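Engineer: sequence unavailable; structure follows:
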């Protein structure tokens, strides 16, 4: 359990093995690294889909920032 980064590394690695060294920029996920809108939306969809939450259009607008990310996982998922 290493913050949202955990599930974030499993979704980005299972969706498109890339360098997370630019994912956790504490800025944006699809606005910082500039990976891809559809791509980022894919891995993200898997994160929540597995977390069994009620997110959809809030994830992409939350996980984008390390702050909102760990906040969307801590507020929802409680282990």
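Structural biologist: Sure thing, it's come through. Numbering: from 1, shown residues only.
Engineer: what separates residue 71 from residue 58, distance-wise?
Structural biologist: 11 Å (Cβ to Cβ, to the nearest Å). All C-beta spots, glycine's among them, are computed from the backbone N, C-alpha and C.
Engineer: before we move on, what about residue 9?
Structural biologist: 21 Å.
Engineer: one more: residue 10?
Structural biologist: In terms of Cβ to Cβ, residue 10 sits 20 Å off from residue 58.
Engineer: for this protein, what spans make up the helices?
Structural biologist: 5-16, 37-51, 66-76 (DSSP state H).
Engineer: between the ones you listed, which one is nearest to residue 27?
Structural biologist: helix 66-76 (8.4 Å; Cβ to Cβ).
Engineer: which residues sit against the closest one?
Structural biologist: By Cβ atoms under 8 Å, 6 or more residues apart in numbering, the residues outside helix 66-76 that reach it are 3-5, 7-8, 24-26, 51, 53-55, 58-59, 61-63.
Engineer: residue contacts, residue 46?
Structural biologist: Going by Cβ under 8 Å, 6+ apart, the list of residues near residue 46 reads 11, 14, 15.
Engineer: by neighbour count, which of these wins?
Structural biologist: For those, counting by other Cβ atoms under 10 Å, the largest number of neighbours falls to residue 11: 21 neighbours.
Engineer: tell me the contacts of it?
Structural biologist: Residue 11 neighbours (Cβ under 8 Å, 6+ apart): 42, 43, 44, 46, 47.
Engineer: please name the nearest non-neighbouring residue to the third one.
Structural biologist: So that's residue 44. residue 59 (4.9 Å; Cβ to Cβ, 6 or more residues apart in numbering).
Engineer: neighbours of the one you found, how many?
Structural biologist: Neighbours of residue 59 (other Cβ under 10 Å): 24.
Engineer: doesn't residue 51 make contact with it?
Structural biologist: No: look at residue 59 against residue 51 with Cβ atoms under 8 Å: they stay out of range, at 9.5 Å.
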